[PDB]
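What's in data05.pdb: PDB, C-alpha atoms and all ligand atoms
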```pdb
ATOM      1  CA  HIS I   4       0.000   0.000   0.000
ATOM      2  CA  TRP I   5       1.190   3.462  -0.872
ATOM      3  CA  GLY I   6       2.767   6.042   1.393
ATOM      4  CA  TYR I   7       5.756   8.357   1.717
ATOM      5  CA  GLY I   8       8.491   5.930   2.760
ATOM      6  CA  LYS I   9      11.588   4.715   0.941
ATOM      7  CA  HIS I  10       9.765   1.759  -0.581
ATOM      8  CA  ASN I  11       6.196   3.007  -1.065
ATOM      9  CA  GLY I  12       6.706   6.729  -1.668
ATOM     10  CA  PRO I  13       5.963   8.984  -4.633
ATOM     11  CA  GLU I  14       8.548   7.394  -6.924
ATOM     12  CA  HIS I  15       6.724   4.037  -6.633
ATOM     13  CA  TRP I  16       3.146   5.231  -7.069
ATOM     14  CA  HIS I  17       3.125   4.839 -10.856
ATOM     15  CA  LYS I  18       3.252   1.043 -10.572
ATOM     16  CA  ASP I  19      -0.227   0.903  -9.042
ATOM     17  CA  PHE I  20      -1.451   4.263 -10.423
ATOM     18  CA  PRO I  21      -0.024   4.697 -13.932
ATOM     19  CA  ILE I  22      -1.699   8.107 -14.189
ATOM     20  CA  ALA I  23       1.140   9.220 -11.904
ATOM     21  CA  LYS I  24       3.043   9.866 -15.165
ATOM     22  CA  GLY I  25       0.048  11.545 -16.819
ATOM     23  CA  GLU I  26      -0.463  14.819 -18.633
ATOM     24  CA  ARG I  27      -1.863  16.991 -15.824
ATOM     25  CA  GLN I  28      -0.283  15.790 -12.576
ATOM     26  CA  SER I  29       0.078  17.862  -9.394
ATOM     27  CA  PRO I  30       1.781  19.473  -7.619
ATOM     28  CA  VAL I  31       3.948  21.633  -9.908
ATOM     29  CA  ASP I  32       6.559  24.317  -9.534
ATOM     30  CA  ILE I  33       4.972  27.743 -10.027
ATOM     31  CA  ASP I  34       7.465  29.765 -12.069
ATOM     32  CA  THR I  35       6.303  33.276 -11.217
ATOM     33  CA  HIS I  36       7.914  34.890 -14.231
ATOM     34  CA  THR I  37       6.342  32.371 -16.655
ATOM     35  CA  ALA I  38       2.813  32.479 -15.214
ATOM     36  CA  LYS I  39       0.620  34.772 -17.299
ATOM     37  CA  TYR I  40      -1.651  37.401 -15.817
ATOM     38  CA  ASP I  41      -5.179  36.662 -17.047
ATOM     39  CA  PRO I  42      -7.489  39.699 -16.759
ATOM     40  CA  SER I  43     -10.534  37.570 -17.609
ATOM     41  CA  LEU I  44     -10.111  35.731 -14.298
ATOM     42  CA  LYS I  45     -12.801  36.728 -11.826
ATOM     43  CA  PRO I  46     -12.204  37.319  -8.116
ATOM     44  CA  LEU I  47     -12.529  34.241  -5.960
ATOM     45  CA  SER I  48     -15.723  33.860  -3.957
ATOM     46  CA  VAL I  49     -15.045  31.994  -0.707
ATOM     47  CA  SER I  50     -18.353  31.640   1.151
ATOM     48  CA  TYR I  51     -17.584  29.826   4.395
ATOM     49  CA  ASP I  52     -19.902  31.618   6.857
ATOM     50  CA  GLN I  53     -22.322  28.658   7.075
ATOM     51  CA  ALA I  54     -19.596  25.991   7.212
ATOM     52  CA  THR I  55     -20.410  22.921   9.311
ATOM     53  CA  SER I  56     -17.307  21.036  10.400
ATOM     54  CA  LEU I  57     -17.964  17.556  11.737
ATOM     55  CA  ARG I  58     -14.930  15.498  12.540
ATOM     56  CA  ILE I  59     -11.168  15.258  12.348
ATOM     57  CA  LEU I  60      -9.607  11.996  11.144
ATOM     58  CA  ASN I  61      -6.051  10.649  10.995
ATOM     59  CA  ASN I  62      -6.187   8.550   7.831
ATOM     60  CA  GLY I  63      -2.559   7.402   7.916
ATOM     61  CA  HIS I  64      -1.422   9.929   5.272
ATOM     62  CA  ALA I  65      -2.585  13.234   6.802
ATOM     63  CA  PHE I  66      -5.412  14.427   9.007
ATOM     64  CA  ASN I  67      -8.686  15.543   7.434
ATOM     65  CA  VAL I  68     -11.101  18.039   8.938
ATOM     66  CA  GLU I  69     -14.401  16.973   7.387
ATOM     67  CA  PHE I  70     -17.435  19.140   6.634
ATOM     68  CA  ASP I  71     -21.123  18.574   5.993
ATOM     69  CA  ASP I  72     -21.289  18.745   2.193
ATOM     70  CA  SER I  73     -24.932  17.668   1.806
ATOM     71  CA  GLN I  74     -25.990  21.316   1.294
ATOM     72  CA  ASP I  75     -24.383  24.497  -0.051
ATOM     73  CA  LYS I  76     -22.926  25.606   3.292
ATOM     74  CA  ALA I  77     -19.246  26.330   2.572
ATOM     75  CA  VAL I  78     -18.708  26.901  -1.126
ATOM     76  CA  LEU I  79     -16.088  28.147  -3.536
ATOM     77  CA  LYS I  80     -17.156  30.000  -6.683
ATOM     78  CA  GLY I  81     -15.703  32.446  -9.139
ATOM     79  CA  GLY I  82     -12.075  32.726 -10.057
ATOM     80  CA  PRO I  83     -11.506  30.271 -12.903
ATOM     81  CA  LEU I  84     -14.519  28.201 -11.900
ATOM     82  CA  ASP I  85     -17.913  27.711 -13.467
ATOM     83  CA  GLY I  86     -20.515  26.641 -10.965
ATOM     84  CA  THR I  87     -20.469  25.911  -7.264
ATOM     85  CA  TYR I  88     -17.976  23.723  -5.418
ATOM     86  CA  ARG I  89     -18.717  22.451  -1.891
ATOM     87  CA  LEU I  90     -16.032  22.111   0.774
ATOM     88  CA  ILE I  91     -15.729  18.471   1.828
ATOM     89  CA  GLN I  92     -12.514  18.511   3.880
ATOM     90  CA  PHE I  93      -9.179  20.191   4.372
ATOM     91  CA  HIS I  94      -5.813  18.703   5.244
ATOM     92  CA  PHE I  95      -2.149  19.659   5.279
ATOM     93  CA  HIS I  96       1.190  18.417   3.990
ATOM     94  CA  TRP I  97       4.265  19.191   6.039
ATOM     95  CA  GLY I  98       7.960  18.497   6.418
ATOM     96  CA  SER I  99      10.319  17.100   8.996
ATOM     97  CA  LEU I 100      12.143  20.444   8.796
ATOM     98  CA  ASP I 101      10.925  23.975   8.177
ATOM     99  CA  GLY I 102      12.718  24.087   4.820
ATOM    100  CA  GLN I 103      10.427  21.536   3.169
ATOM    101  CA  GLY I 104       6.868  20.286   3.359
ATOM    102  CA  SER I 105       4.832  22.019   0.685
ATOM    103  CA  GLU I 106       3.791  20.200  -2.471
ATOM    104  CA  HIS I 107       3.624  23.167  -4.804
ATOM    105  CA  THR I 108       6.762  25.272  -4.934
ATOM    106  CA  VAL I 109       7.196  28.900  -5.974
ATOM    107  CA  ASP I 110      10.273  29.533  -8.112
ATOM    108  CA  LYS I 111      11.498  26.211  -6.656
ATOM    109  CA  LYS I 112      11.056  27.518  -3.083
ATOM    110  CA  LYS I 113       9.545  24.982  -0.664
ATOM    111  CA  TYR I 114       7.325  26.167   2.170
ATOM    112  CA  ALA I 115       7.076  24.489   5.589
ATOM    113  CA  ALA I 116       3.629  23.103   4.852
ATOM    114  CA  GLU I 117       0.669  23.435   2.526
ATOM    115  CA  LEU I 118      -3.065  23.474   3.241
ATOM    116  CA  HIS I 119      -5.532  21.896   0.775
ATOM    117  CA  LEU I 120      -9.172  22.971   1.076
ATOM    118  CA  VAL I 121     -10.893  20.391  -1.113
ATOM    119  CA  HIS I 122     -14.174  21.232  -2.897
ATOM    120  CA  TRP I 123     -16.317  19.296  -5.373
ATOM    121  CA  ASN I 124     -18.552  20.481  -8.202
ATOM    122  CA  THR I 125     -22.200  20.190  -7.176
ATOM    123  CA  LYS I 127     -23.286  19.421 -10.723
ATOM    124  CA  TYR I 128     -21.869  15.914 -10.214
ATOM    125  CA  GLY I 129     -23.929  15.144  -7.131
ATOM    126  CA  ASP I 130     -21.281  13.629  -4.875
ATOM    127  CA  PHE I 131     -17.532  13.594  -4.377
ATOM    128  CA  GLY I 132     -17.032  10.090  -5.762
ATOM    129  CA  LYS I 133     -18.628  11.108  -9.060
ATOM    130  CA  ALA I 134     -16.841  14.460  -9.160
ATOM    131  CA  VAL I 135     -13.348  12.943  -9.041
ATOM    132  CA  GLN I 136     -14.128  11.127 -12.310
ATOM    133  CA  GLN I 137     -14.619  14.468 -14.112
ATOM    134  CA  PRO I 138     -11.977  16.875 -15.474
ATOM    135  CA  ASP I 139     -13.703  19.786 -13.719
ATOM    136  CA  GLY I 140     -14.803  17.780 -10.715
ATOM    137  CA  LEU I 141     -12.728  19.344  -7.921
ATOM    138  CA  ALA I 142     -11.461  22.783  -6.977
ATOM    139  CA  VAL I 143      -8.699  22.835  -4.380
ATOM    140  CA  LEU I 144      -7.639  26.014  -2.611
ATOM    141  CA  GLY I 145      -3.942  25.610  -1.818
ATOM    142  CA  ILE I 146      -2.404  27.812   0.866
ATOM    143  CA  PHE I 147       1.258  27.853   1.832
ATOM    144  CA  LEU I 148       2.421  27.861   5.449
ATOM    145  CA  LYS I 149       5.625  29.479   6.647
ATOM    146  CA  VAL I 150       6.995  29.333  10.177
ATOM    147  CA  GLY I 151       6.829  32.632  12.059
ATOM    148  CA  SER I 152       4.030  33.990  14.213
ATOM    149  CA  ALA I 153       1.284  31.649  15.367
ATOM    150  CA  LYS I 154      -1.937  31.361  13.393
ATOM    151  CA  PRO I 155      -4.743  31.796  15.953
ATOM    152  CA  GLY I 156      -7.321  30.143  13.717
ATOM    153  CA  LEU I 157      -5.188  26.998  13.522
ATOM    154  CA  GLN I 158      -4.809  26.454  17.250
ATOM    155  CA  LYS I 159      -8.089  24.568  17.691
ATOM    156  CA  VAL I 160      -6.785  22.048  15.132
ATOM    157  CA  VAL I 161      -3.419  21.806  16.882
ATOM    158  CA  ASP I 162      -5.035  21.192  20.251
ATOM    159  CA  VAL I 163      -7.084  18.163  19.113
ATOM    160  CA  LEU I 164      -4.187  16.333  17.424
ATOM    161  CA  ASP I 165      -3.344  14.517  20.673
ATOM    162  CA  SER I 166      -6.653  12.690  20.349
ATOM    163  CA  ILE I 167      -5.988  11.446  16.796
ATOM    164  CA  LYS I 168      -2.312  10.531  17.091
ATOM    165  CA  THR I 169      -2.519   7.273  15.121
ATOM    166  CA  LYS I 170      -4.055   5.971  11.898
ATOM    167  CA  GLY I 171      -7.799   5.377  12.085
ATOM    168  CA  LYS I 172      -8.448   7.642  15.078
ATOM    169  CA  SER I 173     -11.123  10.310  14.732
ATOM    170  CA  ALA I 174     -12.531  12.964  17.023
ATOM    171  CA  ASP I 175     -15.576  15.192  17.024
ATOM    172  CA  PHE I 176     -14.617  18.535  15.518
ATOM    173  CA  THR I 177     -17.712  20.719  15.251
ATOM    174  CA  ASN I 178     -17.998  24.498  14.994
ATOM    175  CA  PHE I 179     -14.595  25.046  13.411
ATOM    176  CA  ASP I 180     -14.432  28.121  11.181
ATOM    177  CA  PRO I 181     -12.120  27.594   8.170
ATOM    178  CA  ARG I 182     -12.101  31.346   7.502
ATOM    179  CA  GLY I 183      -9.434  31.557  10.219
ATOM    180  CA  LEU I 184      -6.968  29.709   7.966
ATOM    181  CA  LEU I 185      -7.139  32.252   5.042
ATOM    182  CA  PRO I 186      -4.491  34.887   4.349
ATOM    183  CA  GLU I 187      -5.464  38.508   3.822
ATOM    184  CA  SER I 188      -5.160  38.443   0.013
ATOM    185  CA  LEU I 189      -7.014  36.070  -2.312
ATOM    186  CA  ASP I 190      -4.603  36.693  -5.226
ATOM    187  CA  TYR I 191      -3.954  33.291  -6.799
ATOM    188  CA  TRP I 192      -2.354  31.183  -9.509
ATOM    189  CA  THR I 193      -4.497  28.611 -11.253
ATOM    190  CA  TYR I 194      -3.852  25.591 -13.464
ATOM    191  CA  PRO I 195      -5.471  22.225 -14.274
ATOM    192  CA  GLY I 196      -4.040  19.311 -12.287
ATOM    193  CA  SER I 197      -4.671  16.241 -10.184
ATOM    194  CA  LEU I 198      -5.082  14.845  -6.730
ATOM    195  CA  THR I 199      -1.609  14.762  -5.199
ATOM    196  CA  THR I 200      -2.180  11.465  -3.561
ATOM    197  CA  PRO I 201      -3.323   8.156  -5.113
ATOM    198  CA  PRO I 202      -5.427   7.626  -7.155
ATOM    199  CA  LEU I 203      -3.902  10.830  -8.583
ATOM    200  CA  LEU I 204      -7.037  11.487 -10.651
ATOM    201  CA  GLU I 205      -6.825  14.405 -13.082
ATOM    202  CA  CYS I 206      -9.933  16.163 -11.830
ATOM    203  CA  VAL I 207      -8.680  19.292 -10.013
ATOM    204  CA  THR I 208      -8.732  22.963 -10.865
ATOM    205  CA  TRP I 209      -5.900  24.153  -8.637
ATOM    206  CA  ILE I 210      -6.218  27.615  -7.094
ATOM    207  CA  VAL I 211      -2.982  28.358  -5.202
ATOM    208  CA  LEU I 212      -2.925  31.522  -3.098
ATOM    209  CA  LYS I 213       0.026  33.873  -3.537
ATOM    210  CA  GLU I 214       0.106  34.939   0.124
ATOM    211  CA  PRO I 215       1.247  32.339   2.693
ATOM    212  CA  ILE I 216      -0.117  32.149   6.214
ATOM    213  CA  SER I 217       2.361  31.996   9.090
ATOM    214  CA  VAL I 218       2.206  29.353  11.825
ATOM    215  CA  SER I 219       4.392  29.110  14.876
ATOM    216  CA  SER I 220       7.221  26.653  15.373
ATOM    217  CA  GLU I 221       5.150  25.149  18.216
ATOM    218  CA  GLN I 222       2.166  24.638  15.911
ATOM    219  CA  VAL I 223       4.122  22.827  13.197
ATOM    220  CA  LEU I 224       6.019  20.817  15.835
ATOM    221  CA  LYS I 225       2.667  19.409  16.952
ATOM    222  CA  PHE I 226       1.893  18.310  13.378
ATOM    223  CA  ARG I 227       5.167  16.370  13.433
ATOM    224  CA  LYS I 228       4.110  14.417  16.533
ATOM    225  CA  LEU I 229       1.365  12.630  14.624
ATOM    226  CA  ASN I 230       1.877   9.023  13.534
ATOM    227  CA  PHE I 231       1.523   7.326  10.159
ATOM    228  CA  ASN I 232       1.021   4.013  11.948
ATOM    229  CA  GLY I 233      -1.940   2.663  13.832
ATOM    230  CA  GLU I 234      -2.030   2.247  17.589
ATOM    231  CA  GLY I 235       0.118  -0.640  18.763
ATOM    232  CA  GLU I 236       2.237  -0.628  15.600
ATOM    233  CA  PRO I 237       5.833   0.642  15.464
ATOM    234  CA  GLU I 238       5.848   4.428  15.691
ATOM    235  CA  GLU I 239       6.634   6.295  12.503
ATOM    236  CA  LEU I 240       6.249  10.046  12.741
ATOM    237  CA  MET I 241       3.865  11.597  10.226
ATOM    238  CA  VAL I 242       6.327  13.957   8.522
ATOM    239  CA  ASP I 243       7.268  14.677   4.899
ATOM    240  CA  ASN I 244       3.848  13.572   3.619
ATOM    241  CA  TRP I 245       4.278  15.624   0.450
ATOM    242  CA  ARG I 246       4.559  14.711  -3.231
ATOM    243  CA  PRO I 247       7.294  16.655  -5.070
ATOM    244  CA  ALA I 248       6.712  18.856  -8.085
ATOM    245  CA  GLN I 249       5.701  17.048 -11.302
ATOM    246  CA  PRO I 250       6.393  18.098 -14.906
ATOM    247  CA  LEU I 251       4.193  20.923 -16.142
ATOM    248  CA  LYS I 252       3.983  19.397 -19.657
ATOM    249  CA  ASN I 253       1.369  21.130 -21.851
ATOM    250  CA  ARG I 254      -0.053  23.500 -19.245
ATOM    251  CA  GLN I 255       0.037  27.234 -18.603
ATOM    252  CA  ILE I 256      -0.243  28.611 -15.087
ATOM    253  CA  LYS I 257      -2.420  31.726 -15.013
ATOM    254  CA  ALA I 258      -2.180  34.495 -12.417
ATOM    255  CA  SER I 259      -5.078  36.571 -11.092
ATOM    256  CA  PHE I 260      -2.726  39.461 -10.354
ATOM    257  CA  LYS I 261       0.134  41.472 -11.818
TER     258      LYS I 261
HETATM  259  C1  LIG U 301      -7.834  14.770  -0.657
HETATM  260  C2  LIG U 301      -8.551  13.456  -0.927
HETATM  261  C3  LIG U 301      -7.987  12.669  -1.812
HETATM  262  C4  LIG U 301      -8.555  11.473  -2.141
HETATM  263  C5  LIG U 301      -7.575  10.869  -3.106
HETATM  264  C6  LIG U 301      -6.593  10.226  -2.123
HETATM  265  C7  LIG U 301      -7.830   9.737  -4.035
HETATM  266  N1  LIG U 301      -9.701  10.978  -1.562
HETATM  267  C8  LIG U 301     -10.200   9.672  -2.048
HETATM  268  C9  LIG U 301     -10.876  10.021  -3.398
HETATM  269  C10 LIG U 301     -11.730   9.002  -4.165
HETATM  270  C11 LIG U 301     -11.317   8.105  -5.108
HETATM  271  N2  LIG U 301     -12.374   7.458  -5.551
HETATM  272  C12 LIG U 301     -13.456   7.950  -4.926
HETATM  273  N3  LIG U 301     -13.041   8.915  -4.088
HETATM  274  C13 LIG U 301     -10.327  11.832  -0.651
HETATM  275  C14 LIG U 301     -11.606  11.612   0.209
HETATM  276  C15 LIG U 301     -12.354  12.905   0.578
HETATM  277  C16 LIG U 301     -12.682  10.590  -0.166
HETATM  278  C17 LIG U 301      -9.698  13.049  -0.349
HETATM  279 ZN    ZN U 302      -3.394  17.477  -0.173
END
```
The structure in this file should be written as structure tokens.
Ligand SMILES: Cc1cc(C(C)C)[n+](CCc2cnc[nH]2)c(C(C)C)c1
Ligand SMILES: [Zn+2]
Amino acid sequence: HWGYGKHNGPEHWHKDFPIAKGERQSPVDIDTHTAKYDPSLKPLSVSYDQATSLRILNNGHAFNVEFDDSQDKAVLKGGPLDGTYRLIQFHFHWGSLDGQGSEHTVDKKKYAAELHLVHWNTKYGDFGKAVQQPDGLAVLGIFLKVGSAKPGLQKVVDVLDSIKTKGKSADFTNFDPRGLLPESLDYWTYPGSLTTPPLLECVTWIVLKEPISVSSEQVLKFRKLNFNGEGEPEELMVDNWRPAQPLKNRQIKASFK
């Protein structure tokens, strides 16, 4: 089964998931001088005021904060998107060291972590159907750097003790994902894929230009999670990121000059 270790990590995924070598794989390096400003891009519409968080789950690859996606409660619209995309979960990727951890890079720079707010296109009815469509998902990617603490992240940090190992979940209601957004919604956008098997090529990526800052203490608590289940040998959940993949026949567009 796949993971991020020496023998099951990203360089092995193509043997079970041949689309790993496909035409629109993610993440990618964002070359800021090669991205083209696109004035036809609309401003993003992030409508999270009615968000209903439910649960936080350690799934052995990351932790997911899950939302009620059975109604239009927390939705992403606008930008490059047509239609309405519902937030289903968010999760992070992070490093063993502050100098690595993000999946996307910016002029080859790696951030300490990266947040993925995952949304699916309501015209496909459910998430499982959406991932089979080229415009099925819209993921808001947000970089994390280490600096000052992020107050809106602390409620996540404080529950991680209760989901240390694979398969553990905890109630996680009344969490407001607006507290994880930077000030600016300037973004790059390109067509890509899930960054984790099955690597389906169903994602419109919207990657925010402005990182959020988290404290060293906050990211240290991410690194205390476990990939393993309870009663298995402890392997710290760190470096759960896929490296940049070839851009191939894609253009990254920028919402800003
Ligand atoms: C970020 C994320 C990624 C995936 C990828 C691993 C296939 N998956 C599994 C996607 C999937 C594949 N076939 C049906 N659903 C999910 C969850 C929400 C179900 C979340
Ligand atoms: Zn992700």
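Among the candidate residues I:136, I:169, I:29, I:103, the one lying nearest to residue I:238 is I:169, with distances computed using all atoms listed in the file.
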Requested in this report: Using all atoms listed in the file, collect all residues at a distance of at most 9 Å from (3.7, 15.5, 9.9) as written in the file, then present them as a PyMOL selection string.
Outcome: chain I and resi 64-65+95-99+104+223-231+240-244
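Atom CA of residue I:235 is found 26.4 Å from atom ZN of ligand ZN 302 (chain U).
Closest approach to residue I:23 among I:222, I:208, I:152, I:197: I:197, based on only C-alpha atoms.
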Report task. Skip residue I:178 itself and residues of its chain fewer than 5 positions away, then list as number ranges by chain all residues within 8 Å of it, counting only C-alpha atoms. Result -> I: 55-57
Report summary line: Among I:247, I:181, I:132, I:151, ligand LIG 301 (chain U) is approached most closely, using all atoms listed in the file, by I:132
Query raised in the report: Counting only C-alpha atoms, what is within 10 Å of residue I:84, bar same-chain residues fewer than 5 positions away, as a list in words?
Result: residues 44, 45, 47, 48, 79, 124, 139, 141, 142, 208 and 210 of chain I
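Closest to ligand LIG 301 (chain U) among I:260, I:245, I:93, I:194 is I:93, based on only C-alpha atoms and all ligand atoms.
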**Report entry** Env. residues ligand LIG 301 (chain U) / 6 Å / only C-alpha atoms and all ligand atoms / as a VMD selection string
**Finding:** chain I and resid 132 198 200 to 202
Can you give me N, CA, C and O atoms for stretch 110-125 of chain I, written as a CSV table (one decimal), in the frame of the given file?
```csv
chain,number,residue,atom,x,y,z
I,110,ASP,N,8.9,29.3,-7.7
I,110,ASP,CA,10.3,29.5,-8.1
I,110,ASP,C,11.2,28.6,-7.4
I,110,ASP,O,12.3,29.0,-6.9
I,111,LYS,N,10.8,27.3,-7.3
I,111,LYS,CA,11.5,26.2,-6.7
I,111,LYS,C,11.6,26.3,-5.1
I,111,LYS,O,12.1,25.4,-4.5
I,112,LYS,N,11.1,27.4,-4.5
I,112,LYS,CA,11.1,27.5,-3.1
I,112,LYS,C,10.0,26.6,-2.5
I,112,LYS,O,8.9,26.6,-2.9
I,113,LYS,N,10.4,25.9,-1.4
I,113,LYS,CA,9.5,25.0,-0.7
I,113,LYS,C,9.1,25.7,0.6
I,113,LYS,O,9.9,26.3,1.3
I,114,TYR,N,7.8,25.6,0.9
I,114,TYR,CA,7.3,26.2,2.2
I,114,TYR,C,7.3,25.1,3.2
I,114,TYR,O,7.5,23.9,2.9
I,115,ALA,N,7.1,25.4,4.5
I,115,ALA,CA,7.1,24.5,5.6
I,115,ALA,C,5.9,23.5,5.6
I,115,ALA,O,5.9,22.4,6.1
I,116,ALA,N,4.8,24.0,4.9
I,116,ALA,CA,3.6,23.1,4.9
I,116,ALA,C,2.7,23.7,3.8
I,116,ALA,O,2.9,24.8,3.3
I,117,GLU,N,1.6,23.0,3.5
I,117,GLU,CA,0.7,23.4,2.5
I,117,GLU,C,-0.7,22.9,2.9
I,117,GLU,O,-0.8,21.7,3.2
I,118,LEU,N,-1.7,23.8,2.9
I,118,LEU,CA,-3.1,23.5,3.2
I,118,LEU,C,-3.8,23.3,2.0
I,118,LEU,O,-3.7,24.1,1.0
I,119,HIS,N,-4.6,22.2,1.9
I,119,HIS,CA,-5.5,21.9,0.8
I,119,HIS,C,-7.0,21.9,1.3
I,119,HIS,O,-7.4,21.0,2.1
I,120,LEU,N,-7.7,22.9,0.8
I,120,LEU,CA,-9.2,23.0,1.1
I,120,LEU,C,-9.9,22.4,-0.1
I,120,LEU,O,-9.8,23.0,-1.2
I,121,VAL,N,-10.4,21.2,0.0
I,121,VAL,CA,-10.9,20.4,-1.1
I,121,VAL,C,-12.4,20.6,-1.3
I,121,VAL,O,-13.2,20.4,-0.4
I,122,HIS,N,-12.8,21.0,-2.6
I,122,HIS,CA,-14.2,21.2,-2.9
I,122,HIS,C,-14.6,20.4,-4.1
I,122,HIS,O,-13.8,20.2,-5.0
I,123,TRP,N,-15.9,20.0,-4.2
I,123,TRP,CA,-16.3,19.3,-5.4
I,123,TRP,C,-17.5,20.0,-6.0
I,123,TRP,O,-18.3,20.7,-5.4
I,124,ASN,N,-17.6,19.8,-7.3
I,124,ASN,CA,-18.6,20.5,-8.2
I,124,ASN,C,-19.9,19.9,-8.0
I,124,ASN,O,-20.2,18.7,-8.3
I,125,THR,N,-20.9,20.7,-7.5
I,125,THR,CA,-22.2,20.2,-7.2
I,125,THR,C,-23.0,19.6,-8.4
I,125,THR,O,-23.9,18.9,-8.2
```
